[PDB]
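Chemist: Structure provided below as structure tokens; questions to follow.
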Amino acid sequence: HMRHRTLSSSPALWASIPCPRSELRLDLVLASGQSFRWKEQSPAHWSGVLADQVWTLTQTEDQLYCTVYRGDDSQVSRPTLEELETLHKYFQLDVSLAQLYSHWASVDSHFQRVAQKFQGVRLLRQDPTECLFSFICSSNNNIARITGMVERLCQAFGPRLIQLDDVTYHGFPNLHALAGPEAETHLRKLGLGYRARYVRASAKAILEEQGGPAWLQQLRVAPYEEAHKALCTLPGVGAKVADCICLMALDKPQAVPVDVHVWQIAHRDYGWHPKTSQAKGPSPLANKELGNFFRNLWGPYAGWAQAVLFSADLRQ
Ligand SMILES: CCCc1nc2[nH]c(N)nc(=S)c2[nH]1
Ligand code: NI
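So the sequence shown is residues 848 to 1163, counted in my numbering.
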């Protein structure tokens, strides 16, 4: 019945946030391996869920245009002030990406070349739960299959928000829902394979061993290294996944996830080899060393710089 809006359709219901294309390219951010809940349902229009509400986002060269669907038999309105701040903070727009790109460019000619083509890659500030379980699904996987798993997981376990065209949107489930006695069985039947065990076991572990979601919020204010190490006690969470969560949801901008992509980037593009290490290929020790190399080179926002290259290594 209700349809995904476009700017043309319902301009009475869009609000705008002053935002240069150069600070944020929706198309390079929203589906390049940070969040898995956004889809271009119609051209230049991105729809997804943000905190138990649905949004559609589109942009000009200097304007970020957005609309909200409340769902709960509400009377349609433009987004409010508080909702706009929520979106502001989700894109961490207080942070200048232009100044970061210069700062990183000043020490890295390779970064300079690549960043010509790939402007407006910034980091979303995600909900810890959602980001955690999304990244547990990320092992031995690609964006598209992850996307499918997260979507089914939310339809099967999370509350219904609204339907738009033939797309039904669910909120991310709470830990208790993912932790009950049938959850692993269900999740396998939803295609998650072995990841299903890690999801259920991690939900159960945070609840019982860590005191529920308030633990993830403490990690958000704990130092990077503490957060990292604590995340790595969870089932299915290792260094890479922990780094992603650190970077993407726990306000650790120095977190540098080292996966097959950045290991390859480092060798190919920077000529880096593990130096102290005698082993030549990947290892937990060499992966940690490579993270330190990037922090050393880029500074306390290495994780954000990493994302720019990550996003570019995906596009040929
Ligand atoms: C396969 C998509 C999930 C994903 N894996 C990643 N690995 C690294 N190193 N960086 C980022 S930003 C990232 N995102
Ligand atoms: Ni070599």
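Backbone N, C-alpha and C define an ideal beta-carbon position, used for all residues, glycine too.
Does any heavy atom of ligand 2 sit closer than 7 Å to the C-beta of residue 1017?
Modeler: Checking the Cβ of residue 1017 against ligand 2 gives no.
Chemist: In the DSSP output, which residue or residues are listed as bridge partners for residue 932?
Modeler: Looking at the DSSP assignment, residue 932 forms no beta bridge with any residue, so it has no partner.
Chemist: By Cβ distance, which residues of its chain are closer than 6 Å to residue 988, with the 5 residues on each side in sequence left out?
Modeler: Excluding positions up to five away in sequence, the list is empty.
Chemist: Around the C-beta of residue 936, are 16 or more other C-beta atoms found within 10 angstroms, so that it is buried, or is it exposed?
Modeler: By the neighbour-count rule (16 or more Cβ atoms within 10 Å), residue 936 is not buried but exposed.
Chemist: Does the distance between the C-beta of residue 1108 and the nearest non-hydrogen atom of ligand 1 fall short of 7 Å?
Modeler: Flag set: Cβ of residue 1108 near ligand 1.
Chemist: What's the gap between the Cα of residue 1125 and the Cα of residue 1082?
Modeler: Each residue's alpha carbon lies about 30 Å from the other.
Chemist: Bridge partners for residue 886 per DSSP, in chain order?
Modeler: Answer by DSSP bridge pairing, in chain order: 894.
Chemist: Classify residue 1042 as helix, strand or coil using the three-state DSSP reduction.
Modeler: Note: residue 1042 maps to helix in three-state DSSP.
Chemist: Quick check on this structure: which residue in 1019, 1012, 1050, 1018 has the alpha carbon closest to the alpha carbon of residue 1029?
Modeler: Checking every option, the nearest Cα to that of residue 1029 belongs to 1050.
Chemist: Quick one: using the 10 Å Cβ neighbour count with 16 as the cut-off for buried, is residue 907 buried or exposed?
Modeler: Exposed is the call here.
Chemist: The alpha helix (DSSP H) with residue 1032 in it runs from where to where?
Modeler: Element bounds for residue 1032: 1030-1036.
Chemist: If we ignore side chains and look at the alpha-carbon of each, how far apart do residue 1074 and residue 1147 end up?
Modeler: C-alpha separation (whole angstroms): 16 Å.
Chemist: Using DSSP's beta-bridge definition, name the partner residues of residue 913.
Modeler: DSSP lists 862, 904 as partners of residue 913.
Chemist: Does the beta carbon of residue 1021 fall short of 7 Å from some heavy atom of ligand 1?
Modeler: Not under cutoff, so the answer is no.
Chemist: From residue 1053 to residue 974, what distance separates their C-alpha atoms?
Modeler: Distance between the alpha carbons of residue 1053 and residue 974: 15 Å.
Chemist: So who's on the other strand from residue 1009, going by DSSP bridges?
Modeler: According to DSSP, which records beta bridges pairwise, residue 1009 is partnered with 1016.
Chemist: What do you reckon, is the C-beta of residue 880 under 7 Å from a heavy atom of ligand 1?
Modeler: Residue 880 Cβ: within cutoff of ligand 1.
Chemist: Is there at least one non-hydrogen atom of ligand 1 closer than 7 Å to the beta-carbon of residue 1104?
Modeler: Under cutoff, so the answer is yes.
Chemist: Verify the contact flag: residue 1153, CB atom, against every heavy atom of ligand 3, threshold strictly below 7 Å.
Modeler: Ligands in the displayed structure: ligand 1 and ligand 2; ligand 3 is not one of them.
Chemist: With DSSP collapsed to three states, give me the class of residue 991.
Modeler: In the structure shown, residue 991 sits in a helix (DSSP, three-state: H, G or I).
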